[PDB]
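The block underneath contains the structure these notes are about, expressed in structure tokens.
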Amino acid sequence: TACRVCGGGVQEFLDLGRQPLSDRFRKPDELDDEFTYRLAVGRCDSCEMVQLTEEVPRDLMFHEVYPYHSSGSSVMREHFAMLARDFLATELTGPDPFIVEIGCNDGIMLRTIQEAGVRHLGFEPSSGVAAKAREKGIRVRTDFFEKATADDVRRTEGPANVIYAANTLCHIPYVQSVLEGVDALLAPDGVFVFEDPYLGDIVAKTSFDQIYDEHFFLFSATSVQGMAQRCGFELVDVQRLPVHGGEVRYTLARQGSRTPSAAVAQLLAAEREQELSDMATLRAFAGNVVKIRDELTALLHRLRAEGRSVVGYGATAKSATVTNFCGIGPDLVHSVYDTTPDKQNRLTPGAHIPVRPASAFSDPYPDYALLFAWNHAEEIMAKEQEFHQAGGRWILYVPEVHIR
Ligand SMILES: Cc1cn([C@H]2C[C@H](O)[C@@H](COP(=O)(O)OP(=O)(O)O[C@@H]3C[C@H](N)[C@@H](O)[C@@H](C)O3)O2)c(=O)[nH]c1=O
Ligand SMILES: Nc1ncnc2c1ncn2[C@@H]1O[C@H](CSCC[C@H](N)C(=O)O)[C@@H](O)[C@H]1O
Ligand SMILES: [Zn+2]
């Protein structure tokens, strides 16, 4: 398997087996046939980039009915509005600024930019969520960002002061093409800023559900630094973020144009000291993944034997990994509750557990809810205080299997 960043050899360290598309929710009457692929994760020998060993073709994952709506979380809405105001105050000052967002989804970030009157363009190849962004008055192209479409925007719109990507750069195995795109499109003094699930958090929390078809890369400061350097850029800042289970926001600039913050060296040294990306570390993680599987299925089967009812909360893409790697179906978790209309009245991928609206999670409550949207715990449990007050309990599997 050749590394997508540098062409080095990739060594597997975790095999999560056959998996379905994580974001395909079937109607109950649909033929039980899904696309499957082998989900496994390796580390490049040369650049230390951790990445999947099989690419799902982009058109199978991202298209007209892609179901994830970013704006469905109040924490994430505030998180991106804050980010946008931060760019408006720093990188987008001065005359006729231009920001391009890769993966704008329903416009969660760009709405703030558009309300500031700033020129912008979102790339969103998933046309149904693109339309939700356009309804907010955001300018969006229903295209993948890559070298050619970047060139096209550079031709018609001129250079961008900021190119931003949240939870999208790690989805893209053709990252070199994206980088060439960024090189064509970014202002000489601009920044390419992206934030994605962080390898250090996944390792520390054993959050293996962060690994599924759409998550190609599990970035670290170490791998991102190498990737930037190889493509003509430089990692010039890093910021840790609590969202989505733990992320890092990386800022890249053209090489030598800005001086790296002390934060970059500090995080690099912490990764090296902790041996984050050493194969033995990544294998110990893989062994902990198996332990969490075994304890989670033991618990779920015991709850069944003791006549306790169990549901899931949040029809996350992440959960496809949990239910298929663990073999959890509707006989152990009867329904999954979710606020996304396009996921409701459908079945989860591979495991086929029915998804019902969150409004249906109500008195009489089940005994236990398996929290798939664990990265949204605070937001979710704040809205579901009555469940817990009535004696309903949460089952979490990050960072360990526990009930509370
Ligand atoms: C906050 C909240 C979420 N939900 C539902 C909405 C979503 O269907 C789900 C939460 O999904 P998530 O944890 O935001 O994201 P996913 O794991 O599904 O992954 C998606 C798809 C991307 N590839 C991934 O990187 C991230 C950005 O979003 O949980 C609720 O039902 N109640 C809630 O109160
Ligand atoms: N090459 C590419 N260019 C632009 N967007 C892409 C892409 N490949 C996937 N996407 C979009 O990337 C998104 C990832 S989901 C992340 C959405 C949002 N930025 C958030 O952080 O919540 C999807 O909307 C998907 O359609
Ligand atoms: Zn490599």
Side-chain angles (χ1 to χ4, degrees), residues 62 66 68-169 172 178-179 181-196 233 236-237 239 241 243-244 247 249-254 257-258 261:
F62 315 115
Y66 182 73
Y68 180 62
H69 289 62
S70 306
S71 291
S73 161
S74 67
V75 168
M76 298 313 295
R77 288 188 315 265
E78 185 163 318
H79 170 79
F80 285 121
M82 188 166 323
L83 185 271
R85 294 188 292 263
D86 287 349
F87 279 141
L88 281 164
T90 53
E91 304 287 344
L92 296 179
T93 56
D96 201 19
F98 181 31
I99 173 163
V100 173
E101 180 176 13
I102 303 178
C104 68
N105 198 273
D106 61 25
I108 193 161
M109 189 285 276
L110 277 174
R111 78 128 49 273
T112 300
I113 294 304
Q114 185 284 158
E115 292 175 351
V118 172
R119 271 201 298 127
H120 62 271
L121 179 64
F123 277 82
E124 184 38 80
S126 295
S127 68
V129 292
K132 294 293 177 114
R134 294 198 182 97
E135 271 169 22
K136 296 168 198 187
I138 305 174
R139 192 154 63 115
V140 182
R141 245 174 103 129
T142 292
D143 271 312
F144 293 106
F145 188 101
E146 51 179 82
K147 179 177 189 279
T149 54
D151 278 334
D152 188 62
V153 177
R154 178 52 189 272
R155 204 171 49 75
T156 60
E157 318 297 312
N161 304 93
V162 174
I163 299 169
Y164 176 74
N167 309 296
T168 298
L169 196 69
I172 294 165
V178 168
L179 290 157
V182 173
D183 188 34
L185 177 61
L186 185 70
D189 68 344
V191 283
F192 174 30
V193 171
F194 55 92
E195 66 191 57
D196 291 275
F233 301 91
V236 296
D237 210 352
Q239 188 194 164
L241 311 173
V243 295
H244 287 300
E247 300 203 332
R249 172 184 294 156
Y250 307 86
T251 302
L252 266 53
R254 275 129 181 340
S257 79
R258 306 190 182 198
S261 62

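Each residue takes its place number in the sequence, starting with 1. Hydrogens, waters and symmetry mates are skipped; everything else that's a heavy atom, side chains included, is used.
For the pair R141/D152, a side-chain contact is recorded, criterion being any heavy-atom separation below 4.5 Å from C-beta on. In this structure, the side chains of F123 and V100 come closer than 4.5 Å at one or more pairs of heavy atoms. In this structure, the side chains of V243 and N167 stay at 4.5 Å or more apart for every pair of heavy atoms. Residues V178 and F145 meet the side-chain proximity criterion, which asks for heavy atoms closer than 4.5 Å.
When all heavy atoms of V140 and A133 are compared, the closest pair comes out as CG2-CB, 3.7 Å. Heavy-atom minimum distance, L121 versus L110: C-CD1, 4.0 Å. Scanning all heavy atoms of the two residues, the minimum distance from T142 to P125 falls at CG2-O, 3.8 Å.
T168 is linked by a side chain to side chain contact (heavy atoms under 4.5 Å, CB included) to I102, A165, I172, counting only residues two or more places apart in sequence or in another chain. Residues meeting the side chain to side chain contact (heavy atoms under 4.5 Å, CB included) test with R111, sequence neighbours left out: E115, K136, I138. For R154, the side chain to side chain contact (heavy atoms under 4.5 Å, CB included) partners two or more places apart in sequence, or in a different chain, are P159, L185.
Within the model, atoms CG of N161 and CD1 of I99 stand 9.0 Å from one another, a figure rounded to the nearest 0.5 Å. Considering CG of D86 and CZ of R249, their distance stands at 7.5 Å, rounded to 0.5 Å. Note that OH of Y250 and CG of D237 are 12.5 Å apart. Values are rounded to the nearest 0.5 Å. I108 CD1 to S70 OG: the interatomic distance, rounded to the nearest 0.5 Å, is 5.0 Å. With rounding to the nearest 0.5 angstrom, the OH atom of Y68 is 12.5 Å from the CZ atom of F62. In this structure, CG in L186 is found 4.5 Å from CD1 in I163, a value given to the nearest 0.5 Å.
For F233 and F192, the ring centers sit 6.0 Å or farther from each other.
Between the side chain of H120 and the main chain of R139, a donor-acceptor pair closer than 3.5 Å is present. Using a distance-only test at 3.5 Å, with no hydrogens or angles considered, no donor-acceptor pair links the side chain of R85 to the main chain of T112. A donor-acceptor pair is defined here as one N or O able to donate and one able to accept, closer than 3.5 Å; no such pair exists between the side chain of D151 and the backbone of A184. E124 places a side-chain N or O within donor-acceptor distance of the main-chain N or O of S126, the cut-off being under 3.5 Å.
Using a 4.0 Å cut-off between a side-chain N of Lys or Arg and a carboxylate O of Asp or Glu, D189 and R254 do not qualify as a salt bridge.
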Item to check | side-chain contact (heavy atoms from CB on, under 4.5 Å) assessment of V153 paired with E157 | outcome: CA-CA 5 Å; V153 177; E157 318 297 312; 3.7 Å; yes

Item to check | side chain to side chain donor-acceptor pair (under 3.5 Å) assessment of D106 paired with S71 | outcome: CA-CA 7 Å; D106 61 25; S71 291; 2.7 Å; yes

Item to check | Derivation of the side-chain contact (heavy atoms from CB on, under 4.5 Å) call for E195 and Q239 | outcome: CA-CA 9 Å; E195 66 191 57; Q239 188 194 164; over 6 Å; no

Checklist entry - After noting the C-alpha distance and the side-chain angles of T251 and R258, does the key distance pass the side-chain contact (heavy atoms from CB on, under 4.5 Å) rule? => result CA-CA 11 Å; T251 302; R258 306 190 182 198; 5.6 Å; no

Item to check | Worked check of side-chain contact (heavy atoms from CB on, under 4.5 Å) between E91 and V193 | outcome: CA-CA 11 Å; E91 304 287 344; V193 171; over 6 Å; no

